[PDB]
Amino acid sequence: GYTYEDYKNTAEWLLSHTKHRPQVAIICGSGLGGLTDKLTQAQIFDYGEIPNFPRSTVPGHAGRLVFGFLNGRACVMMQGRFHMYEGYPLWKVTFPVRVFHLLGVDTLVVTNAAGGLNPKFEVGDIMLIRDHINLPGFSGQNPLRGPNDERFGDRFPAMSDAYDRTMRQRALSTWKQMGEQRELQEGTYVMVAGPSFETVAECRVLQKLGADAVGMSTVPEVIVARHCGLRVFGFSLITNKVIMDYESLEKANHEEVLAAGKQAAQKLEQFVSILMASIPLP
(Lines of atoms letter the chains of each structure in order from A and count residues from 1; the text may use other names and numbers.)
(Lines give C-alpha, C1' and ligand atoms only; values in the text may rest on other atoms or scores of the structure.)
Protein backbone atom coordinates (compact mmCIF):
# COMPACT_ATOMS: atom_id res chain seq x y z
CA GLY A 1 0.00 0.00 0.00
CA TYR A 2 0.92 3.69 0.70
CA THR A 3 1.82 5.28 4.09
CA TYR A 4 -0.15 8.41 5.23
CA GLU A 5 3.08 10.37 4.42
CA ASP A 6 3.03 9.19 0.72
CA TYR A 7 -0.31 11.03 0.24
CA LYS A 8 0.87 14.09 2.30
CA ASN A 9 4.06 14.24 0.09
CA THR A 10 1.97 14.04 -3.16
CA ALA A 11 -0.54 16.71 -1.86
CA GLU A 12 2.22 19.16 -0.70
CA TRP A 13 4.20 18.66 -4.00
CA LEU A 14 1.01 19.53 -5.98
CA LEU A 15 0.35 22.57 -3.67
CA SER A 16 4.04 23.66 -4.27
CA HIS A 17 3.50 23.48 -8.11
CA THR A 18 0.03 25.13 -8.60
CA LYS A 19 -1.55 28.29 -7.03
CA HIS A 20 -4.93 26.54 -7.69
CA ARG A 21 -6.66 25.33 -4.46
CA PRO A 22 -9.43 22.99 -5.67
CA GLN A 23 -12.79 22.45 -3.86
CA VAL A 24 -14.31 19.96 -6.39
CA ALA A 25 -12.58 16.84 -7.84
CA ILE A 26 -14.16 15.50 -11.08
CA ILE A 27 -13.28 11.99 -12.37
CA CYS A 28 -14.20 11.87 -16.10
CA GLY A 29 -15.55 8.51 -17.39
CA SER A 30 -14.63 7.17 -20.89
CA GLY A 31 -15.88 9.85 -23.39
CA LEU A 32 -16.20 12.85 -20.94
CA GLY A 33 -12.45 13.73 -21.23
CA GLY A 34 -13.29 16.87 -23.29
CA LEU A 35 -14.57 18.50 -20.03
CA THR A 36 -10.92 19.69 -19.32
CA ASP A 37 -11.37 22.01 -22.39
CA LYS A 38 -14.13 23.95 -20.47
CA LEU A 39 -11.65 24.80 -17.62
CA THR A 40 -10.14 28.34 -17.38
CA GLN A 41 -6.57 29.05 -16.11
CA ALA A 42 -6.03 25.29 -16.81
CA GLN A 43 -2.73 23.91 -15.34
CA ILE A 44 -1.96 20.32 -16.60
CA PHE A 45 0.15 17.70 -14.72
CA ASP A 46 0.83 14.32 -16.44
CA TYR A 47 0.40 11.48 -13.82
CA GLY A 48 4.05 10.45 -14.56
CA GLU A 49 5.29 13.86 -13.20
CA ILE A 50 3.42 13.53 -9.82
CA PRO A 51 5.25 11.62 -7.03
CA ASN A 52 3.63 8.26 -5.95
CA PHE A 53 0.88 8.78 -8.60
CA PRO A 54 0.08 5.57 -10.54
CA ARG A 55 1.09 5.99 -14.24
CA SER A 56 -1.43 4.98 -16.99
CA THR A 57 -1.05 1.56 -18.82
CA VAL A 58 -2.96 2.99 -21.92
CA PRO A 59 -0.02 4.51 -23.96
CA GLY A 60 -2.53 5.43 -26.78
CA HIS A 61 -4.39 7.98 -24.53
CA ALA A 62 -2.55 8.82 -21.22
CA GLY A 63 -3.79 10.46 -17.97
CA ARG A 64 -3.61 14.06 -16.62
CA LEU A 65 -4.66 16.06 -13.57
CA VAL A 66 -5.97 19.45 -14.87
CA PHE A 67 -6.40 22.17 -12.15
CA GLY A 68 -8.63 25.09 -13.26
CA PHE A 69 -11.97 26.93 -12.91
CA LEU A 70 -15.22 25.39 -14.15
CA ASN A 71 -18.21 27.80 -13.97
CA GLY A 72 -16.62 29.68 -11.02
CA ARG A 73 -15.69 26.50 -9.07
CA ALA A 74 -11.99 25.67 -8.32
CA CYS A 75 -11.64 22.13 -9.84
CA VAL A 76 -9.08 19.30 -10.22
CA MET A 77 -10.06 16.92 -13.09
CA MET A 78 -8.72 13.36 -13.63
CA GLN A 79 -8.68 12.72 -17.41
CA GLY A 80 -8.01 8.94 -17.65
CA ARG A 81 -8.97 6.94 -14.54
CA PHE A 82 -7.65 3.56 -13.20
CA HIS A 83 -9.76 0.33 -13.34
CA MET A 84 -9.13 -3.00 -11.55
CA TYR A 85 -9.41 -4.86 -14.95
CA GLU A 86 -6.11 -3.02 -15.92
CA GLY A 87 -4.42 -4.87 -12.98
CA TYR A 88 -4.22 -1.96 -10.45
CA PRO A 89 -4.97 -3.09 -6.89
CA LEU A 90 -7.79 -0.86 -5.45
CA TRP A 91 -5.34 1.11 -3.16
CA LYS A 92 -3.78 2.47 -6.46
CA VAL A 93 -7.18 3.02 -8.22
CA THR A 94 -8.42 5.20 -5.29
CA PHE A 95 -5.00 6.81 -4.44
CA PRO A 96 -6.04 10.11 -6.13
CA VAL A 97 -9.21 10.44 -3.94
CA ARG A 98 -7.06 10.66 -0.76
CA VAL A 99 -4.72 13.21 -2.47
CA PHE A 100 -7.77 15.41 -3.39
CA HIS A 101 -8.89 15.27 0.30
CA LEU A 102 -5.40 16.54 1.47
CA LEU A 103 -5.45 19.26 -1.29
CA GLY A 104 -8.61 20.50 0.60
CA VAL A 105 -11.22 19.09 -1.87
CA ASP A 106 -14.61 18.55 -0.08
CA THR A 107 -16.70 17.37 -3.10
CA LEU A 108 -16.16 14.53 -5.65
CA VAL A 109 -18.06 14.34 -8.97
CA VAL A 110 -17.59 10.82 -10.50
CA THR A 111 -18.82 10.01 -14.05
CA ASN A 112 -18.65 6.65 -15.91
CA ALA A 113 -20.03 4.81 -18.96
CA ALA A 114 -22.41 1.91 -18.12
CA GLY A 115 -24.65 -0.71 -19.75
CA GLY A 116 -28.42 -0.34 -19.28
CA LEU A 117 -30.09 -3.18 -17.32
CA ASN A 118 -33.34 -1.22 -16.64
CA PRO A 119 -35.42 -1.79 -19.84
CA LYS A 120 -36.88 1.81 -19.58
CA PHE A 121 -33.27 3.08 -20.31
CA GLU A 122 -32.09 4.01 -23.87
CA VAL A 123 -28.57 4.58 -25.34
CA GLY A 124 -27.61 8.25 -24.64
CA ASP A 125 -29.54 8.49 -21.32
CA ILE A 126 -27.89 9.92 -18.17
CA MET A 127 -28.64 7.92 -14.97
CA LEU A 128 -27.90 9.78 -11.68
CA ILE A 129 -26.49 7.25 -9.16
CA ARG A 130 -28.92 7.00 -6.16
CA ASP A 131 -26.99 3.91 -4.91
CA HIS A 132 -24.44 1.15 -5.82
CA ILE A 133 -24.00 -2.65 -5.46
CA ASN A 134 -20.25 -3.38 -4.76
CA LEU A 135 -19.97 -7.03 -5.97
CA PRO A 136 -16.10 -6.97 -5.69
CA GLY A 137 -16.40 -5.49 -2.15
CA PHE A 138 -18.52 -8.48 -0.90
CA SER A 139 -15.63 -10.84 -1.82
CA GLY A 140 -12.79 -8.74 -0.27
CA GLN A 141 -11.99 -6.28 -3.13
CA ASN A 142 -12.79 -3.19 -0.97
CA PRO A 143 -10.30 -0.25 -1.09
CA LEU A 144 -10.42 0.22 2.75
CA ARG A 145 -9.05 -3.35 3.31
CA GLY A 146 -5.88 -3.26 5.53
CA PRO A 147 -4.91 -1.01 8.49
CA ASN A 148 -7.32 1.98 8.92
CA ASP A 149 -5.83 5.49 9.42
CA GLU A 150 -8.06 7.54 11.83
CA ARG A 151 -6.56 10.66 10.07
CA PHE A 152 -8.64 9.63 6.97
CA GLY A 153 -11.73 8.10 8.70
CA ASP A 154 -13.36 5.32 10.81
CA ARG A 155 -12.65 1.55 10.46
CA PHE A 156 -16.36 0.87 9.58
CA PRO A 157 -17.83 3.85 7.63
CA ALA A 158 -21.47 3.76 6.33
CA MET A 159 -22.34 3.94 2.58
CA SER A 160 -26.21 3.96 2.95
CA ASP A 161 -26.00 7.81 2.42
CA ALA A 162 -23.07 7.73 -0.13
CA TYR A 163 -24.72 9.72 -3.03
CA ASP A 164 -25.65 13.19 -1.55
CA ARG A 165 -29.48 13.70 -1.32
CA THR A 166 -29.19 17.54 -1.91
CA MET A 167 -26.97 17.30 -5.06
CA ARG A 168 -29.35 14.70 -6.64
CA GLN A 169 -32.36 17.09 -6.21
CA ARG A 170 -30.31 20.10 -7.46
CA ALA A 171 -29.31 17.82 -10.44
CA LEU A 172 -32.98 16.91 -11.36
CA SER A 173 -33.83 20.69 -11.06
CA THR A 174 -30.89 21.79 -13.34
CA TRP A 175 -32.07 19.12 -15.89
CA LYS A 176 -35.65 20.62 -15.98
CA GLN A 177 -34.00 24.16 -15.98
CA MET A 178 -32.50 23.25 -19.47
CA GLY A 179 -35.74 21.39 -20.56
CA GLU A 180 -34.24 18.44 -22.61
CA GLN A 181 -36.31 15.96 -24.77
CA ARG A 182 -35.44 12.69 -22.86
CA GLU A 183 -35.88 12.59 -19.00
CA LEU A 184 -32.95 12.31 -16.47
CA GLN A 185 -32.79 8.69 -15.15
CA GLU A 186 -31.96 7.77 -11.51
CA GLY A 187 -30.96 4.28 -10.21
CA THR A 188 -28.47 1.73 -8.79
CA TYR A 189 -25.01 1.23 -10.38
CA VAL A 190 -23.53 -2.30 -9.97
CA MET A 191 -19.71 -2.50 -10.25
CA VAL A 192 -18.38 -5.69 -11.87
CA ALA A 193 -14.59 -6.11 -12.34
CA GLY A 194 -14.68 -6.89 -16.11
CA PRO A 195 -12.96 -6.55 -18.48
CA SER A 196 -15.15 -8.98 -20.54
CA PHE A 197 -18.86 -8.04 -21.09
CA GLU A 198 -21.74 -9.94 -19.40
CA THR A 199 -23.49 -13.13 -20.58
CA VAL A 200 -27.36 -13.05 -20.82
CA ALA A 201 -27.47 -15.21 -17.62
CA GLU A 202 -25.12 -12.64 -15.95
CA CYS A 203 -27.33 -9.70 -17.16
CA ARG A 204 -30.40 -11.48 -15.63
CA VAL A 205 -28.44 -11.93 -12.34
CA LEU A 206 -27.67 -8.16 -12.18
CA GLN A 207 -31.36 -7.26 -13.01
CA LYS A 208 -32.60 -9.69 -10.25
CA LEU A 209 -30.17 -8.07 -7.68
CA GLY A 210 -31.93 -4.75 -8.54
CA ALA A 211 -29.28 -2.85 -10.61
CA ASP A 212 -30.27 -0.31 -13.34
CA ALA A 213 -26.72 0.13 -14.78
CA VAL A 214 -23.45 -1.94 -14.74
CA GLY A 215 -19.85 -0.65 -15.20
CA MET A 216 -16.25 -1.48 -14.13
CA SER A 217 -15.35 1.70 -12.09
CA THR A 218 -16.53 4.44 -9.67
CA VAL A 219 -17.60 2.40 -6.59
CA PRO A 220 -14.09 2.12 -5.02
CA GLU A 221 -13.50 5.92 -5.50
CA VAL A 222 -16.95 6.62 -3.88
CA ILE A 223 -16.09 4.37 -0.84
CA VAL A 224 -12.72 6.13 -0.27
CA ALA A 225 -14.31 9.62 -0.83
CA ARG A 226 -17.07 8.86 1.77
CA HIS A 227 -14.42 7.39 4.20
CA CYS A 228 -12.75 10.89 3.98
CA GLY A 229 -16.04 12.85 4.38
CA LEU A 230 -16.15 14.19 0.78
CA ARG A 231 -19.65 14.94 -0.57
CA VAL A 232 -20.21 12.62 -3.58
CA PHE A 233 -22.50 13.02 -6.61
CA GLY A 234 -22.20 11.07 -9.88
CA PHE A 235 -23.90 9.57 -12.96
CA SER A 236 -23.51 7.07 -15.83
CA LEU A 237 -23.70 7.72 -19.58
CA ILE A 238 -25.82 4.68 -20.73
CA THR A 239 -23.69 3.64 -23.79
CA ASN A 240 -25.47 0.32 -24.62
CA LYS A 241 -28.52 -1.84 -23.67
CA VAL A 242 -27.31 -5.10 -22.02
CA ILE A 243 -28.43 -8.15 -24.10
CA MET A 244 -31.00 -9.76 -21.68
CA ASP A 245 -32.40 -12.51 -24.05
CA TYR A 246 -30.78 -15.37 -26.11
CA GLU A 247 -33.09 -14.49 -29.12
CA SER A 248 -31.11 -11.19 -29.70
CA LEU A 249 -28.26 -11.31 -32.33
CA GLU A 250 -26.60 -8.00 -31.19
CA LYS A 251 -23.39 -8.02 -28.99
CA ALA A 252 -21.78 -5.30 -26.73
CA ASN A 253 -18.55 -3.74 -28.21
CA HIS A 254 -15.81 -1.17 -27.28
CA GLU A 255 -16.65 0.88 -30.49
CA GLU A 256 -20.44 1.34 -29.65
CA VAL A 257 -19.42 2.56 -26.10
CA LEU A 258 -16.83 5.09 -27.52
CA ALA A 259 -19.39 6.20 -30.23
CA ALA A 260 -22.13 6.88 -27.57
CA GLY A 261 -19.33 8.70 -25.61
CA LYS A 262 -18.67 11.04 -28.63
CA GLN A 263 -22.48 11.63 -29.16
CA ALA A 264 -23.49 12.61 -25.56
CA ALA A 265 -20.16 14.53 -25.02
CA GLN A 266 -21.47 18.19 -25.09
CA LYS A 267 -24.70 17.24 -23.16
CA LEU A 268 -22.62 15.76 -20.22
CA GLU A 269 -19.94 18.54 -20.24
CA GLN A 270 -22.78 21.16 -20.43
CA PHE A 271 -24.67 19.35 -17.56
CA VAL A 272 -21.57 19.08 -15.27
CA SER A 273 -20.44 22.72 -15.89
CA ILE A 274 -23.91 24.10 -14.86
CA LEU A 275 -23.97 21.74 -11.77
CA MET A 276 -20.85 23.53 -10.34
CA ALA A 277 -23.16 26.51 -9.39
CA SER A 278 -25.29 24.00 -7.34
CA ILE A 279 -22.22 22.90 -5.21
CA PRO A 280 -22.08 24.78 -1.86
CA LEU A 281 -19.01 27.06 -1.33
CA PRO A 282 -16.84 26.16 1.72
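Residue indices: 1-based, along the sequence shown.
> With reference to the PDB entry, specify whether the mean Cα temperature factor is higher for 118-126 or for 137-145.
Taking the mean B-factor of the alpha carbons in each, 118-126 is higher.
> Report the stretch with the higher mean CA temperature factor, choosing between 204-212 and 174-182 on the basis of the entry.
Averaged over C-alpha atoms, the B-factors run higher in 174-182.
> Between 52, 56, 236, 217, which one tops the list for Cα B-factor in this entry?
Of the options given, 56 has the highest CA B-factor in the PDB entry.
> Using only modelled residues of the chain, where does the Cα B factor of residue 256 rank: lowest third, middle third or highest third?
CA B-factor rank for residue 256: highest third.
> Name the third of the chain's ranked CA B-factors that contains residue 245, choosing lowest, middle or highest.
It belongs to the highest third of the chain when residues are ordered by C-alpha B-factor.
> If you rank the chain by CA B-factor, which third does residue 35 end up in: lowest, middle or highest?
As the PDB entry reports it, the C-alpha B-factor of residue 35 lands in the highest third of its chain.
> Among the chain's modelled residues, which third holds the C-alpha B-factor of residue 168?
Highest third.
> Could you tell me which third, lowest, middle or highest, the C-alpha B-factor of residue 62 occupies within its chain?
Highest third - that is where residue 62 ends up once the chain's C-alpha B-factors are sorted.
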